[PDB]
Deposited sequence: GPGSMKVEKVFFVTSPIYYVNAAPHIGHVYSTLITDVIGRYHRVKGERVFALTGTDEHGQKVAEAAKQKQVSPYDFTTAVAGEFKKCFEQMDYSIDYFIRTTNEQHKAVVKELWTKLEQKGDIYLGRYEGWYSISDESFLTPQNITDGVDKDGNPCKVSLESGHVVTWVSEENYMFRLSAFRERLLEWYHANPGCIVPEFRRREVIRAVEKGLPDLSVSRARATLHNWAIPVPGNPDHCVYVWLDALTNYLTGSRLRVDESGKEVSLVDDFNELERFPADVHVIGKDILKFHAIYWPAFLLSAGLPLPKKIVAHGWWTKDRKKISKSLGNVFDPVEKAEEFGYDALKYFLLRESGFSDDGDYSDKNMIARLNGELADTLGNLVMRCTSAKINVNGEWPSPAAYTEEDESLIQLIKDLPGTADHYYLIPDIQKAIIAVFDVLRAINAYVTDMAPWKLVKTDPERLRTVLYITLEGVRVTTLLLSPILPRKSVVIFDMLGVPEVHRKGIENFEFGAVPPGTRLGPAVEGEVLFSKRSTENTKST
């Protein structure tokens, strides 16, 4: 089914300035979106801000300014950050948007009509910071900003409070069987696998109904009213999760502003999401609540939720990008960490990867095959006959796109990078064995073959690395003189797509500059 590939980030609470957490989540969303655009697919990537709720309102009250002013300002800080980071997100959604609120009301009303929302009570624990209902098994003893004894969440460590409110309740308990059927029929719907298993174990244990409204005083009147009941506000999470639906329904102009909300999601061919990128801290809301709501409303379910290893709720990414380069930092963040906190994020390791992989492996190779000493005609040469060693390298280059494609689709961007760099290491080894610098004087016919394979390997690896290194990839292709048309599209994943006789671009000038150890 040819639709628009729909990839999302979470929408971030505006209680606080943007930091690495949000940058990382949105980076992953951006990389996926970029890969599918490189593949030649229609893409709509979404990110944004989560602006209502008790947590934000109390942050605004702490800074002594109105919630409207506060949210608008911080939303601006997030936008500025994502421009600075040079993402290619198609739209930035804010839950304060009137068209978003409209959608929330439509969805709420649908749930109510299907009989899945009733008036009840929630009596139990709540983490305002996580906007999360917790059971007594999920709390323990801790301390508040003072240092007084209190209760805190086991999930997150933030303070919990007991809540006793008459609330509108969603009949989540009724969706346990269908959610379990969903997880089992779609065993790749949650990545990584151990997080999928975690969700299943949880839903197996049983599901309580879920409070989807709060008394308006509690949220300092900073939330969406419940349709037909002004005394209640819609739970920030139902509000927040609904952004995905809203985004799927907005026509957006070339400038990036929302201009229209379509009635039927199918008009824009985005819903449901093909990939929801989230942090591990909000898995339950996306893998349990969200699909339960969609099941109630008869809406289609997302294909994949990928939950990465860091919590999204001192290390300044803009500052490090100014120091080491933007693409470099992006490469590091995506290469250093798989689905764990077990990444080494120090300057030592940043420089180690910068010098070792980016400069020594990739950059060095680019200069070798474009060098005036080795590539004396400044062109793609026409290869002669291939040796078995030539063919071994060629096979790797041919196999690479299929391998990288699967990884990007899991999605597992770390493994995609590793796969490309395995081939880059192999090309370097080949170049070292063939010693093309010596062949310029000794065997020009042989050099043609060696140089051509090298150039082609570099092009193909660069193409598959272009979602990770969007700017540097362009520089590389410019050096190789690859025409624009060949920088995109699955047809150009194939070996030999750039014909011999193509001229290299002019030289000026380093690709990645190494740094003091």
| item | value |
| --- | --- |
| Missing CA stretches, deposited numbering from 1, N-terminus first | 1-6, 320-330, 526-527, 537-542 |
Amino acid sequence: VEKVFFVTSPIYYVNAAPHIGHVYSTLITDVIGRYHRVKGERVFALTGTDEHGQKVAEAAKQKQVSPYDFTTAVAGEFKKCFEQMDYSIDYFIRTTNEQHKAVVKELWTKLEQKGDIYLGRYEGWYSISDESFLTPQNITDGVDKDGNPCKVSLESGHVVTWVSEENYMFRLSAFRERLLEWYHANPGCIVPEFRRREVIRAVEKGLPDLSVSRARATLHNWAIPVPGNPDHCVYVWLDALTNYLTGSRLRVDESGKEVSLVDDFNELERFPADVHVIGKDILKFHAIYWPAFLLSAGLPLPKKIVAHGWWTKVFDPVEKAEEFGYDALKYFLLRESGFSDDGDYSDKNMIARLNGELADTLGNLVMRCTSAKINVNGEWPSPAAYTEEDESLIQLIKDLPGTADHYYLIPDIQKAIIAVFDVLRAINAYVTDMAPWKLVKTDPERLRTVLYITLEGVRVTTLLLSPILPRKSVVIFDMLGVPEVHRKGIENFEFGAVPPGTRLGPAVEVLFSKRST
From here on, numbers count along this sequence of modelled residues.
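We call the rigid core the largest set of C-alpha positions that still match within 1.5 Å between the two forms.
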item	value
Divergent stretch in 9 other deposited structures of this protein, 332-340 or 235-243 [C-alpha RMS, superposed by the core]	332-340
More variable segment, 193-201 or 344-352 [Cα RMS over structures in 9 other deposited structures of this protein, core-superposed]	344-352
Selected stretch [higher average CA B-factor]: 25-33 or 447-455	447-455
Average Cα temperature factor in the PDB entry - higher stretch of 116-124, 259-267	259-267
Out of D399, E131, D209, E322, residue topping the C-alpha B-factor column of the entry	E322
Highest-ranked of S213, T403, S173, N364 once sorted by CA temperature factor in the record	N364
Chain-relative CA temperature factor third for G48	lowest
Chain-wide C-alpha B factor ranking for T502, given as lowest, middle or highest third	highest
Ranked C-alpha temperature factor of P272 among modelled chain residues, by third	lowest
Entry-reported Cα temperature factor of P67, expressed as the chain third it lands in	highest
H286 - which third its CA temperature factor falls in, relative to the rest of the chain	lowest
